[PDB]
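Undergrad: Take a look at the following structure, please.
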Amino acid sequence: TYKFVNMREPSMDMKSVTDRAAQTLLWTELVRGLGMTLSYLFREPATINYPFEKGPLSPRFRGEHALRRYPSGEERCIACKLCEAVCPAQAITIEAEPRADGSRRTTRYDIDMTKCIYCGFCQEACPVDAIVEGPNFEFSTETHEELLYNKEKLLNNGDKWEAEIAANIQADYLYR
Amino acid sequence: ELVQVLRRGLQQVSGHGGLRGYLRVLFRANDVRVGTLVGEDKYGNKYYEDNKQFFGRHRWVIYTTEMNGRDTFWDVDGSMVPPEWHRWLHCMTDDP
Amino acid sequence: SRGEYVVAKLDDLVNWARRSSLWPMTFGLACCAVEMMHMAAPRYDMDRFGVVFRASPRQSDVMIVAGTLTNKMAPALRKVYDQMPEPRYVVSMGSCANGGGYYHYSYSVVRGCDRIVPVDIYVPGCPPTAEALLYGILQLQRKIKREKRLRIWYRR
Amino acid sequence: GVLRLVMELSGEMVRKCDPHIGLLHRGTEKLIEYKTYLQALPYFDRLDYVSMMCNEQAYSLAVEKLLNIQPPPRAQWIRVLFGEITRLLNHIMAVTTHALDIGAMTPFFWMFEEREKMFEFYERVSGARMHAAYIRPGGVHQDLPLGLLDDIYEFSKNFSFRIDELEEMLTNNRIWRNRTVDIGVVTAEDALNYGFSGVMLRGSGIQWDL
Amino acid sequence: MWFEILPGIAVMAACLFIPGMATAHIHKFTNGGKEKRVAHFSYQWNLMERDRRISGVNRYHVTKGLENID
Amino acid sequence: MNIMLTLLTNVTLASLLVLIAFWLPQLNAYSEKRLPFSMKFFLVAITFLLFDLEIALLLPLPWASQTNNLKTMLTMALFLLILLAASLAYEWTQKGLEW
Amino acid sequence: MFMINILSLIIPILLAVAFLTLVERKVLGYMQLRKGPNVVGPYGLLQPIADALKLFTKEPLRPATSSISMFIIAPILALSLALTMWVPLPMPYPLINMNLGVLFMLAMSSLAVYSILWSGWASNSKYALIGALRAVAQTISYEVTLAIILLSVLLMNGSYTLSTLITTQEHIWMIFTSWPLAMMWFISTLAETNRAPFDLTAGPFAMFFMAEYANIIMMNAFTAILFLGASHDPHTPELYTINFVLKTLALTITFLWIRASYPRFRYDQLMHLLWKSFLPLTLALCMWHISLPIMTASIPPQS
Ligand SMILES: CCCCCCCCCCCCCCCCC[C@@H](O)O[C@H](CO[C@H](O)CCCCCCCCCCCCCCC)COP(=O)(O)OCC[N+](C)(C)C
Ligand SMILES: CCCCCCCC/C=C\CCCCCCCC(=O)O[C@H](COC(=O)CCCCCCC/C=C/CCCCCCCC)COP(=O)(O)OCCN
Ligand code: SF4
Ligand code: SF4
Ligand code: SF4
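Protein chains in written order, with the working numbering: chain A, 1 to 176; chain B, 1 to 96; chain C, 1 to 156; chain D, 1 to 210; chain E, 1 to 70; chain F, 1 to 99; chain G, 1 to 303.
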């Protein structure tokens with residue numbers, strides 16, 4: 001099934017010709033456009049009052065990264081390097097070794113936020129929910145070097161945002 | 001008609017604690033709307049809602065004038081909101 | 001004394017004037033330009049902050065690099081930056097402009113726009129939301145407010 | 001976007017027009033060879049940024065064809081629904097920007113509000129507004145939020161009035177017609193032999209739609 | 001809403017109020033409370049010069065009535 | 001005298017404003033680092049000049065309407081406008097208004 | 001107290017054109033389902049002051065090879081003409097009462113094109129020179145029909161004095177006697193100031209902007225005086241001032257409305273518009289308005 005968009009033929013009787021001439025000489029459609037713009041002027045704008053008002057988000061939103069830990073206070077990351085293997089941008093660097101108590105923990109965990117494409121593959125490849133992409137998005141920076149996160153920065157991000165991150169995970173983990 | 005809207009403007013002036021509060025809110029947030037206070041923050045931020053506004057304008061925060069170490073009567077930013085009020089304010093959840 | 005008071009107040013006035021009217025010219029290289037046009041959309045309304053839409057290069061205060069800067073394009077961006085009058089600021093938007101991003105290991109991509117021009121604000125994201133770019137613009141405004149030129153001139 | 005255009009004119013008329021491209025050549029096809037299929041999926045979001053979901057669907061269909069598998073019916077229905085949403089998004093951007101270049105510039109804002117609403121839909125379904133990476137080569141990444149379909153219906157029941165406002169501002173305007181009528185006329189044979197597709201075919205009367 | 005455009009417009013109006021009004025008041029102040037005399041066609045100028053000569057204070061706007069007929 | 005003073009004040013205000021605009025940002029130290037000849041433009045300029053001359057001829061019309069020779073004045077004014085229309089028609093028909 | 005009158009005519013005009021930018025921004029924003037500037041100042045009022053201060057503190061890009069003389073001269077001529085064109089306007093009493101006020105207005109408007117010519121020439125760019133040539137051609141083409149329409153309308157007034165336009169329109173507006181000439185005059189004034197849909201084209205830039213906006217406000221005031229005749233009672237001129245200012249504001253807001261409503265023409269399209277639709281009708285209506293007072297025995301008094 002197909003439709004014709006511009007296959008009309010104007011009527012050539014005197015009344016229609018006079019109507020077209022009146023449109024030409026009196027600019028009727030121009031006043032129609034003016035009137036529509038005028039009507040648009042008299043309605044409420046759609047502008048929100050940032051930063052005092054914020055745009056709507058969802059639990060699935062992917063923002064700044066964070067490293068979580070168990071309720072006992074022990075970090076969830078076990079240096080399985082799955083997030084590093086799946087990272088499309090090669091933005092994750094991990095080095096590990098046995099801890100003093102023999103635990104399998106990382107000694108280096110860097111994320112280059114100028115390489116990251118914020119796809120969320122790392123947080124869906126993680127089997128222990130250690131690395132997540134939090135809901136923070138207002139972390140602009142004045143220098144390049146501060147966008148090169150290391151393990152301390154990501155752990156601090158997790159400790160900073162744990163409440164909201166855990167609430168979002170609780171809200172959205174049944175869809176995963 | 002006109003009388004009702006001017007009366008509502010007068011109530012908006014009254015509801016911010018007088019002329020001083022009206023001017024303070026107008027020069028601090030460029031908005032003079034009044035809504036039910038939803039929450040108070042341990043850093044001083046106040047969180048209000050108004051469900052009769054359209055989506056995106058139904059929730060807002062008046063920032064505190066003094067955060068950890070800096071005066072914040074003028075220099076405010078969105079990174080000041082604590083994570084729980086950050087969740088409520090961004091409409092990720094319906095519960096303060 | 002009054003001598004430093006005068007220059008302090010003049011600094012406050014000049015900084016307020018400069019940051020209260022920022023006229024940006026945007027390099028809409030790639031998909032981050034779409035988020036720029038959404039920050040210019042009715043919901044966020046950059047114009048309401050005094051930040052006009054699509055200023056001319058000869059009358060622009062801030063340059064927004066929103067996209068991937070390729071080797072074929074770097075000279076043009078540097079020329080446009082050099083044509084800009086002073087004081088001039090550069091905002092780097094998105095991973096592609098910040099550090100190359102998804103195309104960092106490429107033969108035809110400049111690994112960050114800061115190899116070509118100095119950058120004042122880095123806006124992270126792929127792409128940053130319109131709210132994120134607005135936050136970056138307001139942070140640049142705060143950075144401009146912090147600066148002090150007549151005072152430096154006076155104590156030198 | 002970004003473009004260099006070297007053209008020779010004889011007064012007002014355009015005599016020759018040679019476009020130079022490669023200013024946004026990132027070398028995506030060589031980078032894809034170093035990634036797995038899942039790792040190579042997000043590049044297609046960045047290929048045609050105006051309509052991100054459509055690009056991924058094409059790649060997913062190719063990979064599914066090569067894998068000899070098929071997605072479940074619900075995944076296919078979700079993919080078609082979001083493809084039509086992305087077509088709406090693409091068309092709004094294309095028509096408004098074109099009008100903006102001519103100089104109309106009001107429908108740009110009028111319709112970018114709706115574009116923001118569709119970006120909200122994208123974010124709710126995936127967490128990303130533009131580079132969603134929602135459509136995978138086995139289906140989709142995740143099931144929809146419990147309240148998404150009702151909001152999509154609420155949005156789509158008011159869009160016809162927005163299109164009507166756009167048409168009222170543009171369709172019958174004599175300036176718009178004089179700017180657009182009889183410009184870039186292409187014959188059906190030339191359109192077919194030059195490799196055209198989409199509206200560029202259907203505008204010449206060729207009845208074709210994949 | 002739309003009435004937020006009214007303030008600036010008001011200011012603009014006030015500015016456009018100043019010139020013409022000012023002229024009027026000045027024309028009242030420099031002409032003894034009357035409109036500035038319009039002198040085209042060189043006959044009105046002759047009348048103004050005659051008034052200036054017969055005023056006794058070299059001001060055309062000082063009108064002399066029947067009280068000066070003696 | 002009044003008009004000359006007004007023009008002098010206008011020029012002085014513009015000159016002072018331009019001088020301060022050019023010299024306020026000059027006191028602070030900074031980095032401080034063809035042939036085509038389209039004919040249709042000349043033709044439209046010449047057509048404008050000729051129509052301007054005929055407008056100059058048409059200008060005394062408001063005073064021309066009080067002459068007691070109303071028939072002759074009306075005939076001459078209509079003749080001048082008819083000649084203007086004829087010039088426009090000749091330029092139109094001979095492809096003088098094209099691009 | 002003549003200098004005080006000159007200053008009270010000049011400074012308020014500059015303030016009005018400074019805040020017309022704010023008015024235009026807010027009007028366009030609200031016609032675009034958004035707002036204008038509302039952050040700087042209580043209602044965005046302090047935006048023009050910030051704009052001016054930022055512009056006057058920004059490094060000026062002298063071409064470093066062009067003619068500095070003309071680079072400085074062009075804004076001087078533009079702004080001087082823009083301020084000069086305001087003096088004959090009766091609101092209701094003109095600052096300078098000219099016998100031929102209309103002709104002086106026309107002469108200043110004709111002078112206004114040397115600024116465009118010199119700026120394009122001193123740009124030291126072939127592309128900018130081409131643009132300046134197109135702008136000058138459009139300007140002269142439309143002032144032709146401006147002058148013809150102006151004389152056709154003034155044939156009903158009896159002289160070139162603008163003060164007599166108030167007496168002519170004591171009972172009825174001039175819009176009713178000739179609305180087609182009024183529509184053509186409005187479009188020609190749009191094309192005169194390079195406003196949409198005819199907008200095909202630091203310090204000195206700001207001064208050029210001030211000249212253009214002053215020209216816009218002046219043209220709208222001239223239209224209001226010429227075609228919308230307010231009533232002037234000699235014992236309270238503030239009523240006429242109020243009415244005239246309101247009409248001028250309405251016309252300027254109509255300019256903003258038209259800019260926000262339509263796309264722009266091509267160069268050849270507006271050239272053809274003028275030379276093939278306005279000029280023939282303008283000539284025909286000039287003949288009609290020459291004939292009409294003689295046919296109906298309604299010749300205006302003054303001679
Ligand atoms: C008459 C002669 C003219 C000659 C030239 C003079 C220039 C014109 C004079 C008028 C200047 C207008 C100044 C008004 C600025 C006040 C703005 C105020 O609100 O700023 C606040 C206060 O900040 C600063 O303290 C204000 C500094 C302004 C200048 C300080 C005093 C300078 C007076 C010196 C004048 C003498 C001039 C002599 C040489 C010309 C901070 O707001 P801001 O951060 O933006 O925005 C935050 C947005 N929020 C609130 C919504 C979240
Ligand atoms: C019985 C004796 C009567 C005496 C004679 C009276 C006859 C009156 C009847 C006819 C007169 C009507 C003429 C009025 C002007 C006509 C000009 C015209 O029609 O030109 C149009 C074009 O005009 C325009 O398009 C101009 C539009 C400019 C864009 C801005 C829109 C403006 C509308 C907003 C409102 C205008 C307000 C006007 C009045 C303001 C007063 C202050 C034709 O061009 P095209 O359609 O492209 O076709 C030509 C090729 N064949
Ligand atoms: S979000 Fe994607 S690109 Fe960023 S670190 Fe995780 S896997 Fe790598
Ligand atoms: S996938 Fe999780 S547990 Fe494995 S290395 Fe990454 S953060 Fe650690
Ligand atoms: S920064 Fe991210 S969103 Fe922007 S163009 Fe590059 S890949 Fe696309």
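Backbone N, C-alpha and C fix where the C-beta goes; we use that ideal spot for every residue, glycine too.
(1) Taking 7 Å as the cut-off, does the CB of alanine 30(C) come closer than this to any heavy atom belonging to ligand 5?
(2) How would you list, in chain order, the residues of chain G whose beta-carbon sits under 7 Å from the beta-carbon of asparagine 30(B)?
(3) When DSSP labels each residue in this structure, what does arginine 26(D) get in the three-state scheme?
(4) Under 6 Å Cβ to Cβ from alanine 196(G), same chain only, skipping five residues before and after it: list those, please.
(5) For a contact meaning CB atoms closer than 8 Å, what does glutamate 86(C) contact in chain F?
(6) Just by C-beta distance, which residues in the region 18 to 36 of chain C are closer than 9 Å to chain G?
(7) Quick one: list the residues of chain C neighbouring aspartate 75(B), beta-carbon separation under 8 Å, in chain order.
(8) Among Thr141(A), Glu74(A), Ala89(A), which residue has its Cα nearest to the Cα of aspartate 101(A)?
(9) Please list the residues of the region 44 to 55 of chain G that have a C-beta atom closer than 7 Å to any C-beta atom in chain C, keeping them in chain order.
(10) Is the closest heavy atom of ligand 4 to the C-beta of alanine 125(A) under 7 Å?
(11) Skipping 5 residues on each side, what residues in its chain have a beta carbon closer than 7 Å to that of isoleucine 166(G)?
(12) If distances are taken between C-alpha atoms only, which option among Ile11(G), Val17(G), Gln269(G), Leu33(G) comes closest to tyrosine 213(G)?
(13) According to a CB-to-CB cut-off of less than 7 Å, which residues of the region 29 to 57 of chain A neighbour chain E?
(14) Could you tell me the distance, in whole angstroms, from the CA atom of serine 188(G) to the CA atom of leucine 226(G)?
(15) Looking only at DSSP bridge pairs, what is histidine 141(D) linked to?
(16) Would a C-beta distance cut-off of 8 Å place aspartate 114(C) and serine 95(C) closer than the cut-off?
(17) Just to confirm the assignment, what range does the beta strand (DSSP E) spanning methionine 183(G) have?
(18) For the pair the region 132 to 145 of chain G and the region 202 to 211 of chain G, tell me if three or more CB-CB distances fall below 8 Å.
(19) Going straight from the alpha carbon of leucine 67(D) to that of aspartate 95(B), what length do you get?
(20) With distances taken from CA atoms, which of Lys79(C), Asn98(C), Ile144(C) is nearest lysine 54(G)?
(21) Where do the N-terminal and C-terminal ends of the alpha helix (DSSP H) with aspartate 19(A) fall, by residue?
(22) How close, in whole Å, do the beta carbons of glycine 20(E) and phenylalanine 19(G) come, if the pair is a contact with beta carbons under 8 Å?
(23) What residue from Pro42(D), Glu113(D), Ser10(D) has the CA that sits closest to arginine 162(D)'s CA?
(24) Is the Cβ of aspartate 82(C) closer than 8 Å to any Cβ of chain G?
(25) Beta-carbon of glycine 78(B) versus every beta-carbon of chain C: anything under 8 Å?
(26) From the DSSP output, read off the bridge partner residues of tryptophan 110(D).
(27) Mind checking who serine 92(C) pairs with in its DSSP beta bridge?
(28) Ordered along the chain, which non-local residues of its own chain (more than five positions away) have a Cβ less than 6 Å from that of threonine 168(G)?
(29) Helix, strand or coil: how does DSSP classify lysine 145(C) here?
(30) Would a check of beta-carbon distances place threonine 193(G) closer than 8 Å to chain C?
(31) Could you tell me the distance, in whole angstroms, from the CA atom of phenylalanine 56(G) to the CA atom of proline 25(F)?
(32) Report yes or no: is there a C-beta of chain A within less than 8 Å of the C-beta of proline 42(C)?
(33) What span of residues does the beta strand (DSSP E) with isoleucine 78(D) cover, start to end?
(34) Quick one: using the 10 Å Cβ neighbour count with 16 as the cut-off for buried, is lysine 58(G) buried or exposed?
(35) Any chance the region 23 to 31 of chain D sits against the region 97 to 104 of chain D, with 3 or more Cβ pairs inside 8 Å?
(36) What is the DSSP secondary structure of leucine 22(C), counted as helix, strand or coil?
TA: If we stick to the structure as given:
(1) yes
(2) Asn38, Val39
(3) coil
(4) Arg259, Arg264
(5) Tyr30, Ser31
(6) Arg18, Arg19, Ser20, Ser21, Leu22, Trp23
(7) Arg142, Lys145
(8) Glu74(A)
(9) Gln47, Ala50, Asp51, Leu53, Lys54
(10) yes
(11) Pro90, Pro92, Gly229, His232
(12) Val17(G)
(13) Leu41, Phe42, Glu44
(14) 14 Å
(15) Paired residues: none, contrary to the question.
(16) no
(17) Where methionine 183(G) is concerned, there is no enclosing beta strand (DSSP E), although the alpha helix (DSSP H) it sits in stretches over 179 to 192.
(18) no
(19) 45 Å
(20) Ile144(C)
(21) 14 to 26
(22) That pair is no contact at about 18 Å.
(23) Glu113(D)
(24) no
(25) yes
(26) Looking at the DSSP assignment, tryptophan 110(D) forms no beta bridge with any residue, so it has no partner.
(27) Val65(C), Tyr122(C)
(28) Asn157
(29) helix
(30) no
(31) 7 Å
(32) yes
(33) First-last for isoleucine 78(D): 73 to 102, but that is the alpha helix (DSSP H), not the beta strand (DSSP E).
(34) buried
(35) no
(36) coil
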